[PDB]
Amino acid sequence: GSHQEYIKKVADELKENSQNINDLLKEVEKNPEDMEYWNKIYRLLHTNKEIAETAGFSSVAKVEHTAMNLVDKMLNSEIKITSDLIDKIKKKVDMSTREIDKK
């Protein structure tokens, strides 16, 4: 029905932005200090958090928020950018896409 179609449309938008994040992660891993990529990743996470909150994807929104907080610390030079930190970000992005699929 229309309610299922609405949720599918929202999920498609969230997935598209998550794929955009993953495309940027493939680049930034070859130059981790390149803040152009992290800024774009942050704004995509921020966009997805908003979409998810509006549509009732509460678990998605919480994971995006956790990932955003890490990227914000990186952008403000509050934490060192390491391979372990990038792995944590990838883990959260993967959990976000699993949560999208659950809806």
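One-based numbering along the sequence shown.
The PDB entry reports B-factors from which the mean C-alpha value can be compared for 41 to 49 and 22 to 30; the larger average falls on 22 to 30. Checked against the record, the higher mean CA B factor of 71 to 79 and 58 to 66 lies with 71 to 79. For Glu13, the recorded CA B-factor ranks within the lowest third of the chain. Only modelled residues enter the ranking. Among the modelled residues of its chain, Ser2 has a C-alpha B-factor that falls in the highest third according to the deposited record.
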